[PDB]
Structures are given as structure tokens and as C-alpha cells.
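1. Sharing the initial chains of the complex here, in place:
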Amino acid sequence: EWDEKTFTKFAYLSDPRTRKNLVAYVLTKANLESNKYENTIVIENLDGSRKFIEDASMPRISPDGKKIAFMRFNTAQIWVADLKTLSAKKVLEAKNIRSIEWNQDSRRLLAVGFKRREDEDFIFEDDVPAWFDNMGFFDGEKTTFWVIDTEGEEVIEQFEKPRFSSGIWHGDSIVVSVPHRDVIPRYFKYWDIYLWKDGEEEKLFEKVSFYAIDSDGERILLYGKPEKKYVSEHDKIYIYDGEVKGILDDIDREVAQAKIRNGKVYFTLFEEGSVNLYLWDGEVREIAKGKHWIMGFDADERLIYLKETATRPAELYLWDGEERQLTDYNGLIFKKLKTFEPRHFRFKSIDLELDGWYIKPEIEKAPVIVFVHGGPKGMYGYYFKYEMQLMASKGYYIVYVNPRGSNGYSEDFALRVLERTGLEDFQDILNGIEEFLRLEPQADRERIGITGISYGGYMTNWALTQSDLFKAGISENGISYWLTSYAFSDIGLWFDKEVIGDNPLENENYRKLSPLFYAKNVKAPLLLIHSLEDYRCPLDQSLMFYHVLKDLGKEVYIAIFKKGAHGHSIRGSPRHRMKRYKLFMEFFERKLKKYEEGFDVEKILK
């Protein structure tokens, strides 16, 4: 049976790594009773023999295949284990490390972390932004780079860089990507790239729209473009060996992840609902393309990847030749648990033809939940979406589309949304719902709800202020006012200028496209959901909407989770997440399936 606890039953795989004949990855479990994620590194032969590093993550297999570094968290500590016996030693006790990567010598690690002011009474800020979702307040944060010798166990080189810099090995050098500073740092837009060795550095690029993501010791793999006008442009990949060479210049899709392994580049593309795995070895070759999301991959002598589908969390695969499924962690649970395959439909919207999906429940007519993805350059299609399976099992149609602005299509399709949030993209959603209703006469047009997180939250607010179609909404971590998004959120300073418009203090678009200013129009009951550590869409986006809607006599409720960032629906504590799922299902049960007055959360939850 699907309910608010079902997500705790799945094994969650991440961070796959492979060297020689070995694969490692992390197995994570949500333990509802201790209220903790549990992490286990699993190392597999390729045999199917498994061994374990318990209470650990960040597996990094040494280039020589003889050992594995990993992190245990608590302060964090870096450990190194022999892969033969897995006997381990603690190497470095590390607060605030975000990455470790072996040097080609299988002796040194590069660790990138951060340092802040850390006064126990006040944060002090002189740069921007003051905070970032999932990181906290910056408090003057600088990036730190440590070269650690894992034999002697010492930091043998260290240097700092501006906030939000990154570093990868390039042979015995380090390629350092630093946000370019103009009036403010040009986050996500321009970087300066350096080559660093032994306390000295050479600037490789100045003010470019890509950063270094991998190296094979001869070539540097760069991610982005040489110059973007919009951060929303499709990120591409480039090889640099002295000359910068685009390897996908003729493919009008965005790269999701990429790695270089002896001059061959493995990479994934967002494509019409899927995230597909390709290889480039002079030409682009399809590796794993279908109705799925390749969530992660790694390549050395072998190529392994994590593939998630609409109805299964990610499992591990090995590519031959041919795809071979390596793991089946959830196979036994899913023998007993019904899932629902989405049905793809094309529909016309204004000038375009778009992708939609719906899931039909067993079935009278059935109520309908419309889901809107975040972004706007998010993408729905073929990954595992817990709420959708959950509500389909409870008797709802689920419908959702990729409006213009979505990832997975041409760059132009993504960029059509800019300065037009709530305009054509909302029409796309309404037109997809109209086509879905034509396809499915058993969908009850008189019981359609809408929900989404982030931009989907924005769109749920917007939908209730612009349309009388919806009977209920659940809007989460959303946007009701772009001006405060611009001035308050971690990314607003550059992101809103692009997506909403320039001259934000004068531009009328900031109120014209803001649900807050049309609150009077709202007629359907609404549940707002927010979390107190969300800095991507800060609390005022929900609480202002909630207060103004109350000031106008509207039926509205707000659940404010005391912990959690923007992605807390998926990343918050298991107990936190269970409570959100329960609220979510009960709001729709009691406001969409069959309207009931009030919403007594004490009685409803326990």
C-alpha cells in the first residue's frame, strides 16, 4: 500500500565510481525511527561479489585501483581503505570539505572546502549574496583548496579563493574556476579559470561562461559556453588542450553531466523528458537512450551508470557492448507495490506542439492533480516521482507537461520563458490539461487541482489567481512576488534580471507577473508549504501570499517546516518528509477528492 511512509522502503543509490574491475556507490536508506539517512558504500566486483564500508559516503577509488578514500560525517573525517581487505585509516579530520578527488599518483587528494567568519552571535557580510540554499549564510565564506598527502596524512599545499570557486586536478596542476567579479561576482555566468601549481598560477581564461569539470591529464573538459548571453542557455561541453574545441556544437540540447576518460567523453543530455547517456570519441554515440534518467555514471576500464525510470528509483547498470542491469535493490519491494507508467501525449499550444504525460488510476470519474515542475528550466518525463505514484494509487489522475521554458528541447524553447513567466508557459499548461481531458473522459473536469514546488509553486499561485479551473492547490517553496525574489533570494540578483527583466526596481513586469498582486482573484482553497532554511525562494514568498490571502478572506493554510532548504521535500529528515507527504495527501483528499470545511492538522496527522 502507498502512503506517507512508503519512500522509507526504497534503497537509494548515488555517486557511482569505477576503476579497473571495481565499482563503488552509496546505498542510502531513510530510517524513519532513528530519523536519519543511513549511508553505506558498496563495492562490487563485476562476480557480483559485494563488500561494504559502513556509515560512509563519497567513495573515491584511487587511479591505481588499490585503495578507496571516503568520508564519514558526524565533524567529517577523510579515511583511506585498502580495497583488498577494506582495513581503513583516518587521514584528515575535515569540517567543511565539499569535494575530494585523487591525484593520478594515487597518493594525494585534492579537497575543496570553505571557511567563514563563524562568530557565534552574528553573521557578517560584505559580499553577495548573504546566503545560499542548502549552504546557509555565507558569513564571508572563502573557498579553500587543500592538497592532502594520504600516506603522511598532512595538508602539503593550501590556498584560498573567492566564494564558490572549484578545483580539479590536471596532472600535477590544479585547474581553479573562480566566479568572475564585476560589480558583484558573476555567479553561474562568467568565471576566470587558473592553472595552479606549487603556489603559482597562470590565468587560462578570463571572464568565460564555462568552468573546468574534468581532466584526463592532457585535456581539460569545460562545461558551459565560451560566452552566454543568458544563464538559461544550454550548457555544452568543450575540450581544451591549447585550443578550445566544442564537441556538441551541432546538438541543440543541454549537457547534464560529463566526464573525460583517456580522450573519450561520456556525457548525458536532457532530451524531451529523458536524460540519456552518450559517448563522444570523435563522433557522438548513443550508449543508454530511452524513457529514463541516467542519474550518474563513471568510466574507466568499465562504464557503469545509474538509471532511474518513471516507476523505479535508480539501479546500477554496466555497459558492455550492451546494457547489463547490475543491481536490483528495490526489485522485491516493487513485486508488491503497484506503480503506474505515465502515458505520453502530444498537444498544441498557441504556436508549438508540446509533450504532456498523465497517469490514469483504477477507476465514476476520477479527480485530477496537475503537477508543475520547477526551474523554469526544469524538466518532467521519466524519473521517479514519489507524489505522482502515491496520488495515482489513491485514485487520482496525474497530469503534467513540459511548458516552454523547460529543459529537454531546443535552446530557443527554453529561452521563450524569459520575461514571460505566467504568460505563454501557463497557457501551455492549460492547453495540455485541455488535451488530457479530451483523451480521458473519465477525468473529472470539476475536480482538478494543481501543485508544484519552486517555479511549480509560483505556477500554482499564479494558476489560482488567473484561472477558475482549479478546485485546490498546494503551492511549495514558491514565488508570489518577483521583486523580493530578486532582492532577497540567494540567486535573485542575476537570476531575476534574466527571467523576469532588467531594471528590477522600475520594471512593471515584477508586479504584473507576481501572484501576490492578484490574490483577490483566488477562489480555490490553497495549502502553502515552506521551510525555514529555503534561501532559493525565501519564506516571504509563501508567508506574504498566505497573510494577504487571509487579509482578503480566502481559505488558505500554511505549513512552515522548521528545518530544511529548498529541496526539503526530498532532502529533509525522514520524519519531516513523512509529515509533508501526509499533509500533501490529506489536503487533496479533503479539498479536491471531496471538499470538507476546515483542516484540523492535529486530528488529520495523528
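-> Received it, and whenever you're ready, just let me know what you need. Numbers count the residues shown, from 1 in each chain, chains lettered A, B, ... in the order given.

2. tell me the secondary structure for residue A:505?
-> coil (DSSP: H, G, I helix; E, B strand; the rest coil).

3. same check, this time on the one 5 residues further on
-> Reduced to three states with three-state DSSP, the structure at residue A:510 is helix.

4. Verify the contact between it and residue A:501 for me.
-> Yes: at 7.1 Å, residue A:510 counts as touching residue A:501 under the criterion of CB atoms under 8 Å. (C-beta placed from N, C-alpha, C; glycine too.)

5. Report the distance from stretch A:442-454 to the chain centre.
-> Mean-position distance between stretch A:442-454 and its chain equals 24 Å (CA atoms, centre = their mean, to the nearest Å).

6. which parts of it are buried?
-> By neighbour count with 16 or more other CB atoms under 10 Å, stretch A:442-454 contains the buried residues A:443-444, A:447-454.

7. same thing with stretch A:43-54?
-> Buried residues in stretch A:43-54 (16+ other CB under 10 Å): A:43-44, A:46, A:53.

8. Likewise for stretch A:86-106?
-> A:88, A:91-92, A:94, A:97, A:99-104, A:106.

9. Among those residues, which lie within strands?
-> Counted as lying in strands by DSSP state E, out of the buried residues of stretch A:86-106, are A:88, A:91-92, A:97, A:99-102.

10. Tell me which residue lies farthest from the centre of chain A.
-> Within chain A, the residue lying farthest from the chain centre (CA atoms, centre = their mean) is residue A:364, at 37.7 Å.

11. Not counting sequence-adjacent ones, nearest residue to it?
-> The spatial neighbour of residue A:364 that comes closest, neighbours along the chain excluded (CB to CB, 6 or more residues apart in numbering), is residue A:442 at 7.7 Å.

12. hmm, back to that, among the buried residues of stretch A:43-54, which ones are in strands?
-> Using DSSP E, the buried residues of stretch A:43-54 in strands are A:43-44, A:53.

13. about what we covered before: who touches the residue nearest to residue A:364 in this structure?
-> By CB atoms under 8 Å, 6 or more residues apart in numbering, residue A:442 lies in contact with A:360, A:363-366.

14. Buried among the residues you listed? Make that a PyMOL selection.
-> Selection of the buried residues among the contacts of residue A:442 in PyMOL, burial being defined by 16+ other CB under 10 Å:
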select buried, chain A and resi 360+366
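
15. Which two among the contacts of residue A:442 are spaced furthest apart?
-> By the measure CB to CB, A:360 and A:364 form the most distant pair in the contacts of residue A:442, at 12.9 Å.

16. now for chain B:
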Amino acid sequence: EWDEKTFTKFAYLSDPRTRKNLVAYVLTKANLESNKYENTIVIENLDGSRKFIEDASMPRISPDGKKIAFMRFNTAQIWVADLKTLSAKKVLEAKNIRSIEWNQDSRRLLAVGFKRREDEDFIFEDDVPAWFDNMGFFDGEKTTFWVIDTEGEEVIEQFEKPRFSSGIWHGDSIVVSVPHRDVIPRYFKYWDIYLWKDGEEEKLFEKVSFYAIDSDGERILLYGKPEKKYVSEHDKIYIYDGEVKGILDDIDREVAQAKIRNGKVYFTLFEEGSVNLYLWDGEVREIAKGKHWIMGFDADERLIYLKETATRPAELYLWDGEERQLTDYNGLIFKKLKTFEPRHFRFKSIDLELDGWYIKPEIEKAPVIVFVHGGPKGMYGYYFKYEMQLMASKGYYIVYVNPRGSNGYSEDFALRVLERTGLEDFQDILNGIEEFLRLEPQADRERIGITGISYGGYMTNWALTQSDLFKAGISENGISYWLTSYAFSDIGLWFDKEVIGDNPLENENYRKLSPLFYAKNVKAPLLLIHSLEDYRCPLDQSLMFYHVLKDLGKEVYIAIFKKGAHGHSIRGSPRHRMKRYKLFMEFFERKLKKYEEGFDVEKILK
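-> That brings us to chain B, laid onto the chains above:
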């Protein structure tokens, strides 16, 4: 030198398991200074290479030999380790699990446990009995069955059954043995047996006197009889594959343990003082028969067993072909510690000829301690009996017999005791002592003591009320009044009806054969020993005898151990057990070897 601490010096082996070329078992040590049992799983090659899983028990080797599940206790947790490197992951945090067993797939475990009401202020009972020795109060206890997937780490099936049910895998099915319910559950007498799979079940047997103990995936091994009139009847073994086939119908001895391994059944028999290991492969073949107790065994590609003798705790052996001793954990200790081999004697008693044993000390005449085993269907012979070696080292003859009622002989011999406790079986003991005294003129007939636990405690009480032969007694966890045994103990409701008689509220036998009612006859000093968590023979059995004996002016003492069940002499904490051994030896020193007035335990113990 033997004393109250010597038992802490031995290594105690248990729970042997074998798959392919591997053996595992548990090594337990009594640590007197931390006052804890320590458990180490040892895995041996077969090489004699050893490896270790520390602070753990319940080794279960997966059918494929690639891994080992085990328990660590504290709440209990199930872990799974790769047998190659022994790297381990925690699979399930498990309060109240009593068994784990792998499925043939080496992926799922079946765990059988229990659940109770657990109010912190009161136990509430609506079934029977309210408590069970070594388990506590039932508090509404149900049995729970969990199928655990050890990859994904989740319970994927669970169901509950009445109290005291058991479960074993049968291929992908579970055979569930449940006590049959009439007016009360017919514990130890009738079961219903089910075949369970995927939430459904078929009843295989109704109200039978056997339960399922093993399976080879085609055949179910059943333990008991199709129908017993008396629970005291010899348990036998049956193979069920559609038809129930007795495999020892022509052998009039009781099976102690049995396992099925690809259509071959390995099993032990109680026989005249020994517990011997046999194989059935169409005919019964002797494997390990002699003056010893096969305490445990396991078979897969190899057959291993634990063999204990009168003078050595259990050591591990492998059977070829020929018996090979694999371990010698206590060999070095026993080079320095004198032991005493018992001398077997036959004697006549009324209509029968019986087995007796005695140990002769160095040697004047020497005082004599007569030991009486529990049961009555207990059995003395060739296992390691700490008190016997201990008191023999201190200058005592030790004598003990198997009276009628004992295990190890024909069923009829066992059943002669029923309704006759303290009658012929006591005469058997007196006749064995008479023959022993004839054999050993250096035994001092004027200094004979008697002691026993459980039924042996009953018999020590009884002996002091019926005979003037004994100069002292130590009676432990015994019986002085059958009526309260019937109505108060965990098993009395069915057990006393069989062993003492029907219509217990009217049957005069319940007082006629009860030491309490002859307390006036007592002339020898007596130490009573009890423990507060003994529900097999509850406290009133000792304390009523103690109070009535004091009320009659008799010299009697009672030591009431604040923790511990019926078997606390062997299972209580090392400090608890050391104190009991010390009391036991000192009572006999000061009341049997040389009578001394009083018994100042403060001075005597420390």
C-alpha cells in the same frame, strides 16, 4: 586449582554452522571483571585459518557461501558481512528477534520474533500462561514473522501468529507451526502447521504432535509424533513430502536435534548417558557415538559438530570419514587443571537395572555428594558438569544416577515416573547410592549429602523429608508443592496434569508427593537456592519450604538471587554464578564435610 572462578577460564563454543568449505561458531567467554558474557563469531577455513566477527552471535552463513548474517545485541541489530573480507553492513535494527534463517536465494532472511503490549506500569494478560521462564511475562505476546530483504534492507513481508509459533523456510514458502488452541493453547502437545506464501496460507496439519524443524526445499523435517498421549513420550523425526514418513519408528530413543541436508537427515539421540550423532540416508548410520554429548552440529558439504565429554567443555570436530578434532580452545587450561572421569556402574532397583556413576576424589573415608538431574526426563552421563569436577577436587565422592523417568532409555522407562514422582524414582536413587557404597568402602556413609536443581531440587527436598540417610542438602529452583507448580508456573497447566495427575484441584497426589507436607520430618540442614525470574519453578517452591521449615524449628537457609531464570546457575551473570558456586561449595564444606553451626554468608563469601 578448582574454585568458584574456574568456570570463567574456559572457552564456551556454541551454534556451529557450515556452508561449503567454511565453518562458523560462537566463542563465549564469562568475563568476571566486566561481569558480562563476551561473544565472538569465529569462521574457520578447513587450512585451520581463523577469522573473527567480534561482539556478535547467531552466525548464519548464506546458502551460497558468499556471506554471513549475524546479530549484535545491546537493542539487537542484524548485520550482513562478506565472508571474503568480513566488511559488514547493518541491515535491520531488531528488538525481540529470536531467530534468523536465510532463504535459499542468499538474499532474504526469515526473522521470527515477538511483540507484547509494553505498558510501562502493568502487564496485561488474557491468555495463558502469563509468563515463561527465560522470556519474562508474556504481556499479550504474539509471534511475528518478518521476511527481510538484506540487499534493500527492508521487511518486505510480515505477519503475526499466536504466542509461541515458529517458522522455517520451505523453498519460497514458510512453514508456520502454531500451538493448537483448545480451552488453552496445547503447548508442547499439539500444533497446527501452515504453509504460508505471499499473504496466503494452506493448513498442512491440524492438531498434530509435531512441528516443522527443517526443510531441504522438497521435504519438511518434523519433530515430535503424529499424536502423543504424553508430552513425555520420545520425540521422533518424520520426513514430509506429501506423505509423512517416520525414519526412526523402530528406534525407541528420543531425538535431541535433527537437520535435513539434501534428503539426508543428521540427528542426535539421547542414549544411556550420551547424546550420539547419527545419519539417516535410507538407513541409520552411526557417525559419533561414545561417552559424550554432541551438543550441536551442522552439515552442508562438510559435517561438523560440537562434542562435549564428562571432563571437557565442547570442542569442534569435523567428520571425514573419520572424526577429526578441529579445535582445542581449552587444551592449555586443562593441562594444568585436574579432572575426574566418572566411573559407570550398573545397579538393581526393584524391577529394573539402572545406570549410575560416581567420581572418586584423592583420598580416611571421603564425604559424598549425591546429585539429582532435572526433568524428570533429564539425563546424566557424559557432559561437562562443573559442580561435579569442582567438588571432586575438594575431596568429595560424587554419585548420580538415571532413575526411571530419565531420558536415554526406552519410552516406557521415561513414562514410569508419571503420577509417581518421589516413589520408585527416589527408590532408584537410594538403591544406586547403596550399590555405590558397596563398590567404594572409602565413601563415608555417615557423610552423604544430596543436591539438585529443578526436579533435582524437588528430589533433594523429598529426600530430606523421607530418608534419614542425608546429612545436608542443597535444593535449587525446586518443587516443594505440586499444586502451586500446576497453577503458578509457566508450564504447570499441562505439565503437572501429565507428571503429577489429572483433576489437580481434587487429586490427593498433589499433596501426597509434595515435600512441603512432610517438612516436619526434616533433620539435615538445608540450603535453598532460588532466583527471582524463575517461572519454571516459581519462588514460592523454595520460599514456602523455607518458611514452613523455619516455622518447624529446622536449620534451613535460603539464597534468593535477584536476577536470573531457572537455568541461572549456568546462565546468570559471571558474578552471580561465581557467588552461587562459592555458596554451594561452602555449604557442603561446612555442613557435610565437617558440620559447623550457623552459616555467616558475609564472613564466608568475603
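
17. Please reconsider the buried residues of stretch A:86-106 now that chain B is part of the model.
-> Neighbour counts using 16 or more other CB atoms under 10 Å in any protein chain shown place A:86, A:88, A:91-92, A:94, A:97, A:99-104, A:106 of stretch A:86-106 among the buried residues.

18. mind checking the end-to-end distance for that stretch?
-> Using CA to CA, to the nearest Å, one end of stretch A:86-106 lies 16 Å from the other.

19. rewinding a little: near chain B too, which of the buried residues of stretch A:86-106?
-> Among the buried residues of stretch A:86-106, the residues that sit close to chain B (CB under 8 Å from any CB of the partner chain) are residue A:86.

20. which ones are touching the closest residue to chain B within the stretch 351-500 of chain A?
-> Here the residue of the stretch 351-500 of chain A nearest chain B is residue A:384; by CB to the nearest CB that distance is 14.6 Å. The contact partners of residue A:384, by CB atoms under 8 Å, 6 or more residues apart in numbering or on different chains, come to A:308-314.

21. just these now: which is nearest chain B?
-> Nearest to chain B among the contacts of residue A:384, with distances taken as CB to the nearest CB, is residue A:313, at 10.0 Å.

22. Backbone dihedrals for that closest one, both of them.
-> Main-chain dihedrals, residue A:313, degrees, to the nearest 10: phi -60, psi 160.

23. swap in residue A:521?
-> Per degrees, to the nearest 10, the backbone of residue A:521 is at phi -80, psi -20.

24. Quick check, it in contact with residue A:465.
-> Yes: counting by CB under 8 Å, residue A:521 does reach residue A:465; the two are 4.6 Å apart.

25. Show me where the stretch 151-300 of chain A has its strands.
-> A:154-161, A:166-170, A:173-179, A:191-197, A:200-215, A:220-225, A:236-240, A:244-246, A:254-261, A:264-271, A:274-280, A:284-288, A:293-299 (DSSP state E, counting those that start in this stretch).

26. Please apply the same query to the stretch 301-450 of chain A.
-> A:303-308, A:315-319, A:323-325, A:343-349, A:352-359, A:366-372, A:397-401, A:443-453.

27. Quick one: distance of the first one to the chain centre.
-> Here strand A:303-308 is found 17 Å from its chain centre; the criterion is CA atoms, centre = their mean.

28. now for it, which elements pack on it?
-> strand A:12-19, strand A:284-288, strand A:293-299, strand A:315-319 (3 or more CB pairs under 8 Å, 6 or more residues apart in numbering or on different chains; DSSP states H and E).

29. other SSEs contacting the second one?
-> Spelled out, that is strand A:284-288. Right, strand A:284-288 is packed against strand A:274-280, strand A:303-308, strand A:315-319 by 3+ CB pairs under 8 Å, 6+ apart.

30. and chain C on top of that:
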Amino acid sequence: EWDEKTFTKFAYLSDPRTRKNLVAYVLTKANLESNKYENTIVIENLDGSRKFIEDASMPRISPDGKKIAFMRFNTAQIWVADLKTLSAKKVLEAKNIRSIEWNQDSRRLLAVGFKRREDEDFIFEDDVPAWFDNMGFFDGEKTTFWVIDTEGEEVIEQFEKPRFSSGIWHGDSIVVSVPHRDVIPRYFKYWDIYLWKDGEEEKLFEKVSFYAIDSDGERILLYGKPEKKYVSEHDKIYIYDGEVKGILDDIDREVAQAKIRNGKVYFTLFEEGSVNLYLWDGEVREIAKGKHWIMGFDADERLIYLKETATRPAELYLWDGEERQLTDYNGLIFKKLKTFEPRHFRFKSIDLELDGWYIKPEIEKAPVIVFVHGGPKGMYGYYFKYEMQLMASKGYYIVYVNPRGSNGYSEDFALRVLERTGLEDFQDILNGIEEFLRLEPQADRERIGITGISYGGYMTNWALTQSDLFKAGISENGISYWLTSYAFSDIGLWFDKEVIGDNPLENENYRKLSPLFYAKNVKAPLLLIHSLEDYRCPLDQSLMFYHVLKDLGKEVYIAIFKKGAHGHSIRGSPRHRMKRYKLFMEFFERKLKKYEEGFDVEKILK
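-> Let me put chain C in with the others:
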């Protein structure tokens, strides 16, 4: 509204003391949320000015009125405070002190306590009984006497005496009352009395049936008789000044409490349902006589006492001249809480006329709960009985009587019960119920239940085995088998010989008058309630009855409280007591008011 929590709302007063113009007493509150009794000493002027010693009890005001000793518990510590400012110093850190009493010098205290063997693993006993209700296992307990100098803060004299001795000051001497030892100590029957000073002693009495309870420095007040044949005989009081003088020889009622204050004796008598306060100053004078229980009193320059009634817990009063109520702790609570005054009725039973009471609810007919008091020499009448008010508020008639055997009447009436438990006294109960039913036609004869604790538990068991009148019973801490009461309980060795009969191992009365042996007769559902530290009626009394009743197919349930002695219904933790009250009310709701099958305590309680 009355429910399982209402008892927590009352202030409970105890231990009144008075010197000069001061009164002190203890105010106790049951705090359900911390689950603790809270104790506050209150000192009142006589003004009505109040002051406080918080978290303390055992107020002892010094003879000179200048200071107050008291105990704080945790180990216990004796403190002394100046009564003017209540500034306090700790005098002696005291494990196991049971009493403190000032010497006439207002400098020394006499503290009487106890010491035991205290091995952490086992209790060791060589005397009798092994345990006592509300004290635990004796573990070789001796009585200790300490003279404490409260200035220098030192024990300046100490000596020990047999278990269960007591001591009071007599000027600079100590009168020591010690149980007389024959085959066993003659507890509650004969004492030896000593006069002790400065390490020497003179025996004042040998083997007498009284002990010293107070002194005025010239006269010793003795409680009991010079010689009792039965402990059940009425205790009287005597003044000893060289000659023993009976002061109530012509009053055929038992003294409940007595104190001597400059040759005047204040004392209470059990009389037909009341406990009344008298003075003797050469003649007996009535002080406080009525429908009430004088729970405690003290006299110096003033006379104060605690008076409880059927409808109010005890409040404090001062006697002038005339009774003046001093406190009204519960007056505000009882403005809001309905109470029910019992209605007294006379009835004929065989050869006697007896007292009964009933409470009529608002009112169809109403179901009836018959309550039976403990003892048998207990007494119902005019004290505050929580369950009665509780069940009357829930729509039940409450009826209860003083059968022969009760205190409050002639000695002969008390002694009629001896060897006749369950015979005439049970007929008395049946005849009282018959008269009550005639008085109250709205009582539903088809819904009568019975309940009691202790002897009342015995009688509830007995009632269900002998009568078909009752539709339900709740039997608590009761008797189902006298033989085990005799041999197992703290007092059985002497108490059962008197109340049930001599030669307990042969006397057929022990089974003839035992509910256990008539268990087959039971037809009404029964809840048994017991507690694991009850040594007055040990657990087997309930659990044997429960098991045998289950063995006979009867509907019976048992609630076994994990902590608590015989009086745990009133003395157990507030949470423990709340749960018992809830069970008690729900059993009657669901088995007496309207029979319902089953009894799911999980659902019923929470």
C-alpha cells in the same frame, strides 16, 4: 467531572505535629506529569500565618518549640531548621531511617532504622519471614538505633536489635520493644520490652502482648494487651509507671492511635464506621466523635487533628473547647466536584444486626457495585473512598457493609470470623445486599458486581465461586489459596494459623475456604489486579486463580502492576494509580453496566 485523574487534584495532609503555638503537617500532591509525590511541610501559627519547608516530610518540632527536624529523601538526609526563620542545616545523611524523635533536651534525636546484608546479586535469609510488604526482602535485616546530637551532628550512641524492633525516648532512656523469639519471632503477638541507657539495659517486660508507643518522661504508654490469645483481639492502651494500668479496660473497642502528654492520653477508637478522638484524664472524654475518621492528631499546649469524612479528604482542625476547622485545602475543588454522602442502613444477618451503607447515583434502574473491605478486621464507614465517589458519579449504586470480623464493634464480633472466612461473613454481605435491594427498588438486581482489595479480593473471588448473584468482579491483591498465604506471605506463618486454623499442613479448612478449589463454579467475568512487590498477598494468589480459571474456560483477565506493594492502589506512582483507576472503571463499564465481549486494554486505555 470524576475520572481516573481526579485523585491528582486533591491536597493530601498527613503527620500533624504541634508544640506551643505551632502546628506542622505534610502537604502531599500527586503530580501526574512528573509522576512523583511532592511533599511540603507547612507550619502554621494558630494567626493562620503559613510557612513552608519544601520537598520534605517527617516534621518533628523540638520540645522547646525553637526548631524543627525533618527528612528530605532522594538517600535521605536529616535536617534541622530554626522555626523563626526556617534557615536549615543538614545534620545526618541517613539511608534506611524509619523514625526520628526528639529527646526532651531539644538537642538529641533518636533515629530508628535498619541494616541488611546488601549483596548486589542475592538476598540471604536465615530468619523469618524473608520479606515484608512495603519493606522488600529482609535480607538478614536488623533494627538500628542511633542517638544523634543535632548540634555537633554526630551519632553519639548506636546499637542494634532484632528485626522489627522499635524505640522511643523515656526521659534520657530509651524504651526498646523487640519481638519475642520462640521457634520464630512472635510478630504482632509478643514483645520483650527493655529500658536502655548508655550501653546497658534492664528488661521491663518479657513476652507481653503490648509494645511502648509513647512516654511523657514519667509514664510509658503501652499499646496492645498484657496477653493476647489472638492478634485479632482489640488493642488497648496502658499506662506504666511501675504498675501497668489499663485505662480503657471497660470499653470494648480497639484503640487506633494514642499519645500521652503530661499524664493526659489522647486516643482514637474504631467505632461502627468512624474513628473518633477521645481524651483520658482520669475519665474518658469525647473530643471529636461523629461520621468521620480522625486520621492523626497531636497535642502539646494545643490539640490539633486531621479529620477525614466520606466526602472530603482530611483537613486540619484545632480543638478549643470546641472543634475549629483550620484548613480548607480542598474546599475550592469540592465546590465544583459532586460528592455522594453514603446512606447508613441496619440489616439482620443470621444472629446479628449489622451496619451497611450505600450511595445512590442520579438516576431506569442503576447497576450496583458491592465493595468488600480488607482485614478481615478492616472497617468501612466514614473515610474518603475514591473509587466509591468515582463510580457513584458514573451512575452506580455503591453498597458495602461491615461483616462479622470487622473492626469497630465488640471484640467478639471481630473474632467470629476466625476459622470462618467465607462462611458467616459472606452471608453477612449477601444479607446486606438483600436489605439494600429492598430499600432501593431502582437498584438493578440483574447488574450487581463485587470488588475488593486484600481480604476484599479474597471475598470477591469467593463470591464468584459461591453465588450466581454477581455479574462481574474485580478482585485485587487477594486470596485464592490460604495454604500459600500461610507459607509464602510476610505474615502468613502466624496470621493464617489464627484466621484460617492450626496445623496448616493438615487442616482441610485451608482448601475448603479457598476460592481456588471452586474455580469451576465461576460464571461472571473477572478482572484480577496484582502488583509485583505485594508480599502481604503475594502474586500467586492472583496468578494461580487466573491460570486455573483460564484452564477451566472462564472469562478472566489479570493486570499485574510491575511496581507496588499491597497498598499500591493508593501508594503506587500517580501514573500507575491513574491506570488502575481507568482499568477499574472501564471493566465495570464494559462488564457490569453493559456487558461487551473481550477487553482490549490498548484501545480502552489509550
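
31. Chain C added, so what about what packs on strand A:284-288 now?
-> Using 3+ CB pairs under 8 Å, 6+ apart: strand A:284-288 touches strand A:274-280, strand A:303-308, strand A:315-319.

32. excluding its backbone neighbours, what's nearest residue A:488?
-> Among residues not flanking residue A:488 along the chain, residue A:538 sits closest, at 5.0 Å (CB to CB, 6 or more residues apart in numbering or on different chains).

33. Any chance of the helices and strands packed on strand A:284-288 in a markdown table with mean neighbour count as columns?
-> Shown next, in a markdown table, are these (neighbours: other CB atoms under 10 Å in any protein chain shown):
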| stretch | mean neighbour count |
| --- | --- |
| strand A:274-280 | 22 |
| strand A:303-308 | 23 |
| strand A:315-319 | 20 |
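
34. Same list (those strands) but as JSON lines, adding distance to residue C:5.
-> Below are the helices and strands packed on strand A:284-288 laid out as JSON lines (distance: least, CB to CB, whole Å):
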{"stretch": "strand A:274-280", "distance to residue C:5": "60"}
{"stretch": "strand A:303-308", "distance to residue C:5": "53"}
{"stretch": "strand A:315-319", "distance to residue C:5": "55"}
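
35. Sort out which residues of stretch A:186-205 are buried, please.
-> Residues A:186-196, A:204-205 are the ones in stretch A:186-205 that count as buried (16+ other CB under 10 Å).

36. isn't residue A:221 right up against residue A:241?
-> No: using CB under 8 Å, residue A:221 is not in contact with residue A:241; the gap is 10.4 Å.

37. Which one's more surrounded, these two?
-> residue A:221 (23 against 11; other CB atoms under 10 Å in any protein chain shown).

38. Can you say which of the helices and strands packed on strand A:284-288 is nearest to residue A:416?
-> That would be, of the helices and strands packed on strand A:284-288 and by CB to CB, strand A:274-280, which comes in at 21.1 Å.

39. Alpha carbons only: can I get that closest one in PDB?
-> Extracted C-alpha coordinates of strand A:274-280, given in PDB (Å, rounded to 0.1, in the frame of the first residue of the first chain):
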ATOM      1  CA  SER A 274      14.700  11.700 -20.600                       C
ATOM      2  CA  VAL A 275      18.400  12.200 -19.500                       C
ATOM      3  CA  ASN A 276      20.300  10.000 -22.000                       C
ATOM      4  CA  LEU A 277      23.900   8.700 -21.900                       C
ATOM      5  CA  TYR A 278      26.200   9.200 -24.800                       C
ATOM      6  CA  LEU A 279      29.900   8.800 -25.700                       C
ATOM      7  CA  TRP A 280      32.000  11.100 -27.800                       C
END
